[PDB]
Amino acid sequence: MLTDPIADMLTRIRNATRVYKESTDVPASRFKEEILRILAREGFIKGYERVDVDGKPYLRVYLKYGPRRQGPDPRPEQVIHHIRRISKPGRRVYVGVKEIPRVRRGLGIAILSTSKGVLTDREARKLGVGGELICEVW
Amino acid sequence: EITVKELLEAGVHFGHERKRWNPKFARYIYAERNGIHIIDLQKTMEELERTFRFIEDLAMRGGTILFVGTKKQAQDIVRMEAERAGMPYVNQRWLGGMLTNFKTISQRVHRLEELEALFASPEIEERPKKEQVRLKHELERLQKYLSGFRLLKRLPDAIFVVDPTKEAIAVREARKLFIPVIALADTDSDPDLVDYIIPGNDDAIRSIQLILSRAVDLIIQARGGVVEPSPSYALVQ
Amino acid sequence: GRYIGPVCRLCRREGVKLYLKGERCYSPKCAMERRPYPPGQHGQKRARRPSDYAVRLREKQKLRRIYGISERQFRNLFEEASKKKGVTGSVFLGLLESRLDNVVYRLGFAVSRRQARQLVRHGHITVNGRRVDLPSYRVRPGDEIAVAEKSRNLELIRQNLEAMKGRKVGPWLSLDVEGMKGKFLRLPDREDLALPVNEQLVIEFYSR
Amino acid sequence: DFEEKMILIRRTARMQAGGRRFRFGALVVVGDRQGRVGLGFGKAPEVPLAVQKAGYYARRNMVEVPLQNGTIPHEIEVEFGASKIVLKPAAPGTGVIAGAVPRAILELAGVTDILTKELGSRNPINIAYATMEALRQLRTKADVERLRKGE
RNA sequence: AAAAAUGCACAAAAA
RNA sequence: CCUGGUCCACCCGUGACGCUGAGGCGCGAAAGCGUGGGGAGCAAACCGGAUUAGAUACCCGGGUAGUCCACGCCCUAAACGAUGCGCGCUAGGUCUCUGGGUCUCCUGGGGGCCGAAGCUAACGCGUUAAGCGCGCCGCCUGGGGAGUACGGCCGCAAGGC
RNA sequence: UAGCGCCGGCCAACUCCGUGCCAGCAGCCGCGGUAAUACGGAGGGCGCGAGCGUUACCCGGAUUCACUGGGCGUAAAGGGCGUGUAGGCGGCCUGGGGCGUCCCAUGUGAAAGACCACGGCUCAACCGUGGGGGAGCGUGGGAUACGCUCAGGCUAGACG
Ligand SMILES: [Mg+2]
Ligand SMILES: [Mg+2]
Ligand SMILES: [Mg+2]
Ligand SMILES: [Mg+2]
Ligand SMILES: [Mg+2]
Ligand SMILES: [Mg+2]
Ligand SMILES: [Mg+2]
Ligand SMILES: [Mg+2]
Ligand SMILES: [Mg+2]
Ligand SMILES: [Mg+2]
Ligand SMILES: [Mg+2]
Ligand SMILES: [Mg+2]
Ligand SMILES: [Mg+2]
Ligand SMILES: [Mg+2]
Ligand SMILES: [Mg+2]
Ligand SMILES: [Mg+2]
Ligand SMILES: [Mg+2]
Ligand SMILES: [Mg+2]
Ligand SMILES: [Mg+2]
Ligand SMILES: [Mg+2]
Ligand SMILES: [Mg+2]
Ligand SMILES: [Mg+2]
Ligand SMILES: [Mg+2]
Ligand SMILES: [Mg+2]
Ligand SMILES: [Mg+2]
Ligand SMILES: [Mg+2]
Ligand SMILES: [Mg+2]
Ligand SMILES: [Mg+2]
Ligand SMILES: [Mg+2]
Ligand SMILES: [Mg+2]
Ligand SMILES: [Mg+2]
Ligand SMILES: [Mg+2]
Ligand SMILES: [Mg+2]
Ligand SMILES: [Mg+2]
Ligand SMILES: [Mg+2]
Ligand SMILES: [Mg+2]
Ligand SMILES: [Mg+2]
Ligand SMILES: [Mg+2]
Ligand SMILES: [Mg+2]
Ligand SMILES: [Mg+2]
Ligand SMILES: [Mg+2]
Ligand SMILES: [Mg+2]
Ligand SMILES: [Mg+2]
Ligand SMILES: [Mg+2]
Ligand SMILES: [Mg+2]
Ligand SMILES: [Mg+2]
Ligand SMILES: [Mg+2]
Ligand SMILES: [Mg+2]
Ligand SMILES: [Zn+2]
């Protein structure tokens, strides 16, 4: 059914990382690519490759992490600590340029769709636009 | 020399536990035949390398490896092979705290010292006909547990475990202390709480002899000199 | 108005010489030498661990006690020194220090800040040529403050001035001693003037 | 070199046929105001002992506190059980704005200027434990890049 | 698978 | 005999035709109610015998509504998994019901235990989530007063909302 | 001219006496039953000072109506269960339009007040002069990712 295909994906990933899977597929779309585009480019993923499972288009996404650690619980750090949906089907979040966030004083990224395409807080603030805020990551 | 081939290996030493598997252990299992998970020996040697190298590095740089296992399979093979490198070991009932409480547990070693001081030496006859046997009895049980532990009045830089499940405590004790954990890992347990990993049958005394034998050699060859093979086939079925 | 009456009982309560008096606080009394403990019956008792609020309370009380100023006036300045383009502690101090009554004591026209106040308020001071009566006047850089001509004789001042030779005023200040006048060059720093006060505490006190 | 501060001392009680028998917890902070702090919770039959192991346990549990100019890299929030601390960084000239428990910890390591709010359970033991894990996860652009590189 | 009802208001301290 | 839901295999058809759902409507244990019937055993109420200080109870002997059927009402409940519905995502182990398969094994839809990660105040939950997420509905906002009063709607009444 | 409130914890300030569950205090927890830092006087301290207290009311602390920023197994909280009206939400591909959204341009957003400077009353309070700006809404030009709508295709949802 999938009311929110984007938020499903973001969650697909959040769930993927926290078990330290190498790779996980999400149902493919023009929009999810454009987002996932920004996600490798900013370093949060190694990246993706369009694939097909049972004839059906997917995006196989290759997860990234930290180094094995020392002390008990050796399990690494996380590249994506936190990723959460913002503008949602239930409530749509539309910020003018001046109203754009800075995630973790800039250490994090805020992805947001605008009429100049899928951009970032930095990226959008420079073209000078604003639009539908998709999510935030760090 | 140092390394080892698959010829002697491939007979008894590949795969052990059927379906009792910890799932983390995927990477080191190749296929399942006979309902038993079979270990992939290629990736064993892949690791047996990275590991051995850390041992050899630790040996020729002069630091200690603590040997532990309680199972009836690795109980004998550990006592021998550890003294063979003159190393500390536990073949008997790994005690709680033996690392995190070290300065405390070891005060039982010092007691072992004082108990050795009276064997044929004087002041032993001065004790009552009863208290004799009593004090000596405390030595005999002291002897049992602290034999291997006696060496190395300081805590190691590594420990070597047969079944990282069978002694979880041990691993966790070390792991809490930032003490590198090397162990011979089975399907029985999981990777990743082990630092340097040796992925093969934890049971099957045959398999234990092979790995631990030439594991001690690799240390000898590193520190100085070499030796002949260590006693193995004495009982061995 | 401003606190009247026993002043060395403050020197004592706070546990530091505030020098609220004249020279006597530089002699072997201040009250402080004889009895370096808090006033009243219980002062010689073993103290108890002071409360976090207690600690901030006194620090504020000290600082205020020093410039001998009402809690009303004092709070103004602190709120004034809040926003504050500034580091806010310093700003507060600069302002406190800019008080005509404070400056006059700083310029040694008078020995005690309490003596400074009566000096300003009896007509015995001038700012930039003008008679100024009000201890709360804020002086700014370049201001010339001087004994008014109407009484330049005034045994008290001459005594305070002729003995002011042998002294060097604070950096932010300068004094021409044969002319009975002096100048406010700038705003004193945290560094520029060391006070017994931890200014970081007075702020935490008005955090309430 | 190191500086100790106790934020809490509790008398607790167990019941025996006799009556109440007590025991003492002591919460202690440890830090050099250079960006090292630690926290440990001592319990023993009398106050000083329990303040002793409090200091002891403190030093055996520590944290990297990436100050810059007496403040923190980014805005963080953590929850430990039902207690929650929000840590927001401030320009210089601000001060540490905190309640007694997180103030003590933030002071003994750097942090001349910070913003905090306690939310949720204000129970000081669990708020302390929530603050440590909050510093613990602080990260800088350094950690950030060295985290996203590749290879 | 049990014979048997009830009990005066308020009340330390072990920093 | 009539009849609902449901699952599996084949991958044939439609082409988003979906989710949820304030109101509405319908169903709704027991007891209760109306009109008939039916009444063996049970058994509120009631009588008697024991017990007890008392015994309007507990045990014993009786015993009428009721329990049963038809039609028509009542609408409640510890009506409970005290856990709204749909969807996607997140280790395994083991028992069992019922399909399909190259019937050791694999696969699908149910029913139980133990458990990864995570969650949780704890107890615990955990691919039958109480985890990670989205949609939409219902509900909470200290205890008592009180699910009472008033009003309104519904019921033959009890009474219900 | 100096007064007023407080000194058990919260909360800054402690001792003697009197009283003896009395007289009394009390914002909350609670003090008083014959040694009371908690009542009343005292000495002594803390706070503020031409004021200090009290009562009443508003906001805050209260993420305690939670948009920011909460919840519903056992703490208050899942409707007894369905079926479904309106409403809310809505899979994959491509175009049109540009309603939402976004950008620039512009009119308006009175003065006072507030914020920032500088000045005028001996300071200040007051008061003057200048600067800084939104948001929203009108108009004009544009952008089209997303939501919308309109058209056309799909099979992964859903039905057969
Ligand atoms: Mg034992
Ligand atoms: Mg005259
Ligand atoms: Mg919570
Ligand atoms: Mg509280
Ligand atoms: Mg009675
Ligand atoms: Mg009683
Ligand atoms: Mg009483
Ligand atoms: Mg049928
Ligand atoms: Mg078909
Ligand atoms: Mg077709
Ligand atoms: Mg019914
Ligand atoms: Mg019935
Ligand atoms: Mg009746
Ligand atoms: Mg009937
Ligand atoms: Mg009848
Ligand atoms: Mg009958
Ligand atoms: Mg009877
Ligand atoms: Mg009777
Ligand atoms: Mg009967
Ligand atoms: Mg009968
Ligand atoms: Mg109902
Ligand atoms: Mg209910
Ligand atoms: Mg199942
Ligand atoms: Mg766990
Ligand atoms: Mg009420
Ligand atoms: Mg009712
Ligand atoms: Mg009514
Ligand atoms: Mg109801
Ligand atoms: Mg007061
Ligand atoms: Mg006090
Ligand atoms: Mg008396
Ligand atoms: Mg008395
Ligand atoms: Mg008494
Ligand atoms: Mg008193
Ligand atoms: Mg009082
Ligand atoms: Mg009194
Ligand atoms: Mg509020
Ligand atoms: Mg909300
Ligand atoms: Mg709540
Ligand atoms: Mg409940
Ligand atoms: Mg229900
Ligand atoms: Mg509809
Ligand atoms: Mg759509
Ligand atoms: Mg438009
Ligand atoms: Mg105006
Ligand atoms: Mg002026
Ligand atoms: Mg103006
Ligand atoms: Mg269409
Ligand atoms: Zn003095």
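Chain C is numbered as in Swiss-Prot, which gives 2-209 for the residues shown.
Yeah, the Cβs are placed from backbone N, Cα and C, and that goes for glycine too.
These features come from Swiss-Prot:
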- C:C9, C:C12, C:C26, C:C31: Zn(2+) binding site (BINDING)
- C:9-31: zinc finger (ZN_FING)
- C:100-162: domain 'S4 RNA-binding' (DOMAIN)
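Counting residues per DSSP class in helix, strand and coil order gives 27 helix, 10 strand, 26 coil for the domain 'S4 RNA-binding' (C:100-162). In three-state terms derived from DSSP, C:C31 (Zn(2+) binding site) belongs to neither a helical nor a strand segment and is classed as coil.
Long-range Cβ proximity for C:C9 (Zn(2+) binding site), meaning a same-chain Cβ under 8 A and a gap of 6 or more residues, is found for C:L21, C:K22, C:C26, C:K30, C:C31, C:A32, C:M33.
If you draw a 10 Å sphere around the CB of C:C31 (Zn(2+) binding site), it holds 21 other CB atoms from the protein chains shown. Counting other C-beta atoms within 10 Å of each candidate's C-beta, the binding-site residues C:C12, C:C26 are led by C:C12. The residues near the Zn(2+) site, meaning same-chain residues not in C:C9, C:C12, C:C26, C:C31 whose C-beta sits within 8 angstroms of the mean position of the site's C-beta atoms, are C:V8, C:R13, C:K18, C:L19, C:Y20, C:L21, C:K22, C:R25, C:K30, C:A32, C:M33, in sequence order.
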